[PDB]
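Novice: Protein chains in written order, with the authors' numbering: chain A, 10 to 283, 287 to 360, 382 to 401; chain B, 12 to 361, 380 to 401. Where a beta carbon is used, it is the ideal one built from N, C-alpha and C, also for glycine. Structure incoming, see below.
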Amino acid sequence: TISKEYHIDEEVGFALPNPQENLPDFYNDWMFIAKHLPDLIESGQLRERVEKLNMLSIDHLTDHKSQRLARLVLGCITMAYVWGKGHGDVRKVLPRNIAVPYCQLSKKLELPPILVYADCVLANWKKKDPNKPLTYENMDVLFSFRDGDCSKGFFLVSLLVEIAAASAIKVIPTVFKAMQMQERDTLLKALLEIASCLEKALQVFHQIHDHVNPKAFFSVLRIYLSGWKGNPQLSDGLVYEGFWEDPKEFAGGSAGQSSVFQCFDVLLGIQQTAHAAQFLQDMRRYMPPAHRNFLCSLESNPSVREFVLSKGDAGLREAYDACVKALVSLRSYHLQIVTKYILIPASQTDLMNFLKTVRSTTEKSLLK
Amino acid sequence: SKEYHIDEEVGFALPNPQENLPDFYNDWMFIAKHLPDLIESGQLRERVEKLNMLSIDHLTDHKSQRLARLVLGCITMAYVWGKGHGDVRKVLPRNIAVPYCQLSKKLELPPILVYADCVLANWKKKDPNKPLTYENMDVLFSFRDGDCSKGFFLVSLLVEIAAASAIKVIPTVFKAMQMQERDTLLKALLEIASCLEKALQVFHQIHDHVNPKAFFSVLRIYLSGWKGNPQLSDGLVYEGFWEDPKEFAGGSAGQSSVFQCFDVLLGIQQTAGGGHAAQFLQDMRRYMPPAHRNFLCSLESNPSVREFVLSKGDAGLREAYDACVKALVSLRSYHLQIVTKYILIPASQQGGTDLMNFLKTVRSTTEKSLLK
Ligand code: HEM
Ligand code: HEM
Ligand SMILES: Nc1nonc1/C(=N\O)Nc1ccc(F)c(Cl)c1
Ligand SMILES: Nc1nonc1/C(=N\O)Nc1ccc(F)c(Cl)c1
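As C-alpha cells, then:
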C-alpha cells in the first residue's frame with residue numbers, strides 16, 4: 010500500500026516537500042541575482058552581473074533539496090539572461106561561469122539544463138506559517154521573473170492542482186493489490202476515491218482566474234518560460250559555453266511535464282503515448301528521474317481497464333468511467349484556460386488541435 | 012527475474028520458437044515458406060491480394076502469436092519492397108493489413124518486421140539433443156536466395172544468447188549491493204565482463220557467413236522501414252485499419268535489449284541528453300517486446316551500480332566495473348568495423382558519414398563512463 014523511492018510524498022505527491030530556501034554561503038553570489046531578477050532586468054544590469062561571475066563548484070550542494078534549489082536559481086538566472094527584457098535582445102551564448110555548473114548539476118539530477126515544471130512549480134514554494142495548512146494564502150513562491158508577471162499565482166495555482174492530485178496518487182497501490190486479491194469491493198472504493206480527488210483538482214484549478222491576469226501572462230511570463238527547441242529566435246539552439254561545442258535545443262516549460270496527468274492516463278489504460289503521443293513521450297525527459305521511473309512502473313502492471321471490462325459489473329464500470337470523466341472535465345476546462353490566456357491575447382490553431390486530440394483520446398476510453 | 016520473458020539459457024530470445032501454425036493459416040505459412048521463389052516469379056503480390064482476411068483468434072498461446080507475427084511481418088516486407096528494385100507499393104491489402112495490426116496491437120508491438128521477430132523468434136535446432144551453435148541451428152524464414160539471411164540472423168542471435176548468460180547475473184549484483192557482500196559483487200561484475208568478451212568472440216563469426224554485397228544489396232532492402240524513408244515519404248497505408256499513412260522504423264539491432272540493458276545497469280547515460288542518439292535509442296524501445304521494455308524499466312528504477320562502486324574507494328571493484336564498460340566499448344568498436352565492411356564500403360560503388386558519427390558518439394559516451 011506504499012510507493013518505494015519514487016520521490017512521491019504522501020501529502021504533496023510529485024511536488025518536492027518543504028523545499029529548501031537558502032543555499033550554503035558559498036553561493037550567495039548566485040542567490041543574490043535570483044532573489045532580485047525583477048529589479049536587475051529593469052535596470053538592465055542582470056546580464057552584466059551574470060558575466061562578472063566566478064565559476065563556482067557544485068560540490069557544496071550535498072543533499073537533494075539544495076541541489077534542486079540551486080537548479081531553480083540557475084534555471085531562472087538562465088532564462089532571464091537569454092531573453093533579457095524579453096523584447097528581442099536575446100543572447101545565444103550562455104557564459105562559461107554559469108553554463109558549467111548548470112550542466113554539471115543538470116546531468117547530476119538527470120534533467121535538461123533549462124527551467125522546467127519540476128523547478129518553477131514543484132520546488133519553487135514555501136509555507137508562510139509552517140503550522141498552517143497548504144493554501145494560496147499561506148503559501149508563496151521563492152522566485153519570480155518580473156514585477157506584475159503574476160508568477161506567484163501561476164506557479165502556486167498549478168502547484169495546488171498537483172497537490173490535489175497527490176491524494177489520489179497514494180491510492181494506486183490499493184488499486185493494484187485489489188485487482189490481485191480480487192477484493193472487488195475495495196477496488197470500487199479506490200476508483201471512486203480517485204475520481205473524487207480529480208473533481209477536487211478541477212475545483213482548485215478554478216482559482217487561476219483569481220490570481221493570473223491574461224495579458225500579464227501572455228505578454229510577460231510566457232516569454233521567460235520559452236525554450237530553444239524549434240524557436241526561431243534561437244533557431245540553432247543555445248551555446249553552453251565551456252560544456253558543449255555546438256548549440257543544443259531544449260523545450261521551454263509546459264505542464265506536459267506534469268507527471269500527474271500522464272500517470273492517470275497510464276493507470277486507466279488511456280493510450281496517449283502510442287504526434288501528440290510523441291510530444292507527451294518527449295516531455296517525460298523533462299520530468300525528474302524517479303518520476304519517469306514511476307510512470308514506467310505503472311505501464312508494467314496489468315491493465316485496470318481490461319480488468320473492469322472483464323467483470324461485467326455496473327458498479328465498477330461507473331467507478332472507472334467516473335475517473336475517465338474527471339480527466340475529460342480537467343482537459344476541457346484546460347482548453348478554456350488556453351482560450352483565455354493564449355488564444356485571445358494572441359489576437360491583439383495548431384495548439385488547440387493538440388489539446389483537443391488528447392482530450393478526445395481520453396473520451397474514447399469511456400465505457401459510455 | 013519474474014515474467015519479463017527472459018529465459019535462463021537464451022535471455023531475450025524466444026526459447027524454442029514455434030515452427031508451424033494451426034491448419035487454418037496454411038494460406039499464410041505457404042507464402043512465407045516460399046518468399047524467395049514467389050518474388051522471383053513475380054507472383055508474391057498476387058498471392059497476397061488473392062487472400063482472405065483470416066482471424067487471429069486461433070493463435071491461442073504466445074509462441075504461435077509470435078510465429079504468426081513473423082510470417083505476416085516478412086510477407087509485408089516482401090510485398091512492400093517487391094523485387095527490391097525500386098517499385099514499391101504504398102497500400103498494404105485489407106486481408107493481411109487487418110490481422111497484422113490486430114496481432115501487433117495484441118502483442119504491443121509495431122506492425123512491421125522487427126529484431127524481436129526475424130532474430131529472436133526466427134530459429135530452431137536441427138537436432139534438439141545437441142547444443143546451440145550455427146551448425147546445429149537454422150532460421151525459419153528468408154527473403155531471397157543468396158541474401159545470406161541464415162548467417163545474418165543466426166550470428167546476431169548467437170551474440171544475443173552469449174549475453175544471456177550475463178543477464179542472469181543481474182539480480183546477484185543488486186542483492187549484493189543491498190546485503191553489502193562486496194566479494195559477491197566483485198565476482199558478479201567479473202562474470203558479466205567475461206560473458207561480454209565471449210559475446211565479442213561470437214560476433215567474429217559474421218565475416219564467415221555474411222557476404223557484404225549480398226547484405227547491402229539484397230537483405231538490407233527487405234529490412235527497411237517507412238519512417239523518414241523517401242520511397243514512402245508519407246509512410247504506409249494499412250488498408251482497413253488506418254485512415255492515413257503511418258510511419259514505422261525498419262529493423263535495427265538498436266532494438267536489441269541486451270545493449271541498452273547493460274548501459275542501464277552500468278549507469279551509462281545514453282537515453283539522456285539532447286541529441287539524436289538518445290532519442291533514437293529511446294524510440295527503439297517501442298519496437299522491443301513489452302516484457303523487455305518492462306525489464307529495462309526495472310533496471311532504471313534500481314540503485315546505481317556506478318554510484319555504489321565510486322563510493323567504496325575499492326580498487327578491485329573499480330577494475331571489475333571498468334572491465335564490463337571496456338567489454339561494451341570493445342563490442343561497439345568492433346561493431347564500427349562491421350559497419351565499415353557491410354554498409355560503408357559497398358555504398359561506395361553504386380551521407381553515411383553522419384551515420385558513423387552516430388555510432389561513434391554512442392561508443393564515446395560508453396568510454397567516458399570508465400572510472401580510471
Ligand atoms: C494559462 C495557463 C496555461 C496555459 C496557457 C496552458 C497552455 C497549454 C498548451 C499550449 C499546451 C500544449 C502545448 C505546450 O505545452 O506548449 C498545454 C498542455 C497541457 N497543459 Fe496546459 N496551460 C496552462 C495551464 C495548465 C495547468 C494549470 C495544468 C495542470 C495543472 C495544465 C496541464 C496541461 C497538460 C497536462 C498538458 C498536456 C496535455 C494533456 O495532458 O492533456 N496546464 N497547455
Ligand atoms: C553486420 C551488419 C550490421 C550492420 C550493417 C549494422 C549497422 C548498424 C547501423 C547502421 C546502426 C545505426 C542504426 C540506424 O541509424 O539505422 C547500428 C546500430 C546498432 N547496431 Fe548494428 N549493424 C550490424 C550488426 C550488428 C550486430 C550483430 C549487433 C549486435 C549483436 C549490432 C548492434 C547494434 C547496436 C546495439 C546499435 C545501436 C547503437 C549502440 O547501441 O551502440 N549491430 N548498426
Ligand atoms: N505548456 C504551457 N505553456 O504555457 N503554460 C503551459 C502549461 N500547460 O501547458 N503548463 C504549465 C503551467 C504552469 C507552469 F508554470 C508551467 Cl512552467 C507550465
Ligand atoms: N541496424 C541495423 N540495420 O541493419 N542491421 C543492423 C543491426 N545493427 O544495427 N542489427 C541488426 C542485426 C541483425 C538483424 F537481423 C537486424 Cl533486423 C538488425
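Under DSSP, the alpha helix (DSSP H) around B/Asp294 begins and ends at which residues?
Specialist: Residues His287 to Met295.
Novice: I'd like to know whether the C-beta of A/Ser312 is nearer than 7 Å to at least one C-beta of chain B.
Specialist: Yes, A/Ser312 lies at the interface with chain B (some Cβ there is under 7 Å from its Cβ).
Novice: Using 7 Å as the limit for Cβ to Cβ distance, is B/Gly285 near chain A?
Specialist: So yes, B/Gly285 belongs to the interface.
Novice: Determine the direct distance from the alpha carbon of A/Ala173 to that of B/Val269, and round the result to whole angstroms.
Specialist: Straight-line Cα distance between these residues: approximately 41 Å.
Novice: Answer yes or no: does any C-beta atom of chain A fall closer than 7 Å to that of B/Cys112?
Specialist: With 7 Å as the cut-off, B/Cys112 does not count as an interface residue toward chain A.
Novice: Check B/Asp149 in the structure and name its three-state DSSP category.
Specialist: Residue state, collapsed to three classes: strand.
Novice: Are the beta-carbon atoms belonging to B/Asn147 and B/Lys137 less than 7 Å from one another?
Specialist: In this structure, B/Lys137 lies closer than 7 Å to B/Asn147 by Cβ.
Novice: Is A/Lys257 close to chain B? Criterion is C-beta to C-beta, closer than 7 Å.
Specialist: So yes, A/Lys257 belongs to the interface.
Novice: What ranges does the beta strand (DSSP E) occupy inside the stretch 222-297 of chain B, keeping only unbroken runs of at least 3 residues that lie completely in it?
Specialist: Runs of the beta strand (DSSP E) inside the stretch 222-297 of chain B: none found.
Novice: What residues in the stretch 298-310 of chain A have a beta carbon less than 9 Å from any beta carbon of chain B?
Specialist: Taking 9 Å as the Cβ-Cβ cut-off against chain B, the residues of the stretch 298-310 of chain A that qualify are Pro301, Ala302, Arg304, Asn305, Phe306, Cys308 and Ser309.
Novice: Fully enclosed by the stretch 137-204 of chain A, which alpha helix (DSSP H) runs are 4 residues long or longer?
Specialist: Those alpha helix (DSSP H) runs which fall completely within the stretch 137-204 of chain A and span 4+ residues are 160-178 and 181-190.
Novice: Below 7 Å between beta carbons: does that hold for A/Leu197 and A/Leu328?
Specialist: Closer than 7 Å, so yes.
Novice: Is there contact between the stretch 228-242 of chain B and the stretch 88-105 of chain B, where contact requires at least three CB pairs shorter than 8 Å?
Specialist: Judged by Cβ distances under 8 Å, the stretch 228-242 of chain B makes contact with the stretch 88-105 of chain B, as three or more pairs qualify.
Novice: Closest by CA to B/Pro142, which one among B/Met40, B/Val21, B/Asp156 and B/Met190?
Specialist: Out of B/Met40, B/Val21, B/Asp156 and B/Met190, B/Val21 has the C-alpha closest to the C-alpha of B/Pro142.
Novice: How big is the Cα-Cα spacing for B/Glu30 and B/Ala132?
Specialist: Using only the alpha carbons, I get a separation of about 10 Å.
Novice: Do A/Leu384 and ligand 1 come close, with the Cβ less than 6 Å from some heavy atom?
Specialist: A/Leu384: yes, Cβ under 6 Å from ligand 1.
Novice: Is B/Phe306 near ligand 2 - that is, is its Cβ less than 6 Å away from at least one heavy atom of it?
Specialist: For ligand 2, not one heavy atom lies less than 6 Å from the Cβ of B/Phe306.
Novice: I want to know whether the stretch 330-339 of chain A touches the stretch 25-40 of chain A - three or more CB-CB distances under 8 Å.
Specialist: The stretch 330-339 of chain A is not in contact with the stretch 25-40 of chain A.
Novice: Going by DSSP, what residues sit across from A/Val102 in a beta bridge?
Specialist: Per DSSP, A/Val248.
Novice: Out of A/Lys186, A/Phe154 and A/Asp149, point me to the one whose CA is closest to A/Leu169's CA.
Specialist: When only C-alpha atoms are compared, the closest one is A/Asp149.
Novice: Ordered along the chain, which non-local residues of its own chain (more than five positions away) have a Cβ less than 8 Å from that of B/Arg56?
Specialist: If we look at B/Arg56 and ignore the five residues flanking it on each side, its Cβ neighbours are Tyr90, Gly93 and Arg100.
Novice: Whose C-alpha, out of A/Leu384, A/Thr351, A/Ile178 and A/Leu339, is nearest the C-alpha of A/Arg392?
Specialist: Closest option to A/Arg392, Cα to Cα, is A/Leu339.
Novice: Which residues in the same chain have their Cβ closer than 8 Å to the Cβ of A/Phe259, if we skip the five residues on either side of it in sequence?
Specialist: Cβ within range, chain order: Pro121, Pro122, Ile123, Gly236, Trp237, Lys238, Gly246 and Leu247.
Novice: Should A/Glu119 be flagged as near chain B, meaning a C-beta pair shorter than 7 Å?
Specialist: A/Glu119 counts as touching chain B.
Novice: Ignoring anything shorter than 4 residues or poking outside the stretch 303-357 of chain A, list the alpha helix (DSSP H) runs there in chain order.
Specialist: Qualifying alpha helix (DSSP H) stretches, in chain order: 316-322 and 326-350.
Novice: Short of 7 Å in beta carbon distance, which residues of its chain neighbour B/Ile356, apart from the five on each side in sequence? Order them along the chain.
Specialist: Same-chain partners within the cutoff: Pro223.
Novice: Give me the Cα-Cα distance between A/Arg155 and A/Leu81, rounded to the nearest whole angstrom.
Specialist: So the alpha carbons of these two residues sit roughly 16 Å apart.
Novice: Secondary structure at A/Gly84, three-state DSSP: helix, strand or coil?
Specialist: Correct three-state label for A/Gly84: helix.
Novice: Around the Cβ of B/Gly262, are there at least 16 other Cβ atoms within 10 angstroms (buried) or fewer (exposed)?
Specialist: Buried, because 16 or more other Cβ atoms sit within 10 Å of the Cβ of B/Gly262.
Novice: Would you report the Cα separation of B/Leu243 and B/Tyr111, rounded to the nearest angstrom?
Specialist: Cα to Cα, the separation comes out at about 19 Å.
Novice: Under the rule that 16 or more other beta-carbon atoms within 10 Å means buried, what is A/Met64, buried or exposed?
Specialist: Exposed, because fewer than 16 other Cβ atoms sit within 10 Å of the Cβ of A/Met64.
Novice: Span of the alpha helix (DSSP H) holding A/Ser393?
Specialist: Element bounds for A/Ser393: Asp383 to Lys397.
Novice: Using a Cβ-based criterion (distance less than 6 Å to any ligand heavy atom), does B/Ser52 qualify as near ligand 2?
Specialist: B/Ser52: no, Cβ never under 6 Å from ligand 2.
Novice: Alpha carbons only, please: which of A/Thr10, A/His346 and A/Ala204 is nearest the one belonging to A/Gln189?
Specialist: Closest by alpha carbon: A/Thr10.
Novice: Nearest CA to the CA of B/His73: which residue from B/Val180, B/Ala302 and B/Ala225?
Specialist: Residue B/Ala302 is the option with its Cα nearest to B/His73.
Novice: Look at A/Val213 and A/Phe164 and say whether their C-beta atoms are less than 7 Å apart.
Specialist: No, the Cβ-Cβ distance between A/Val213 and A/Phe164 is not below 7 Å.
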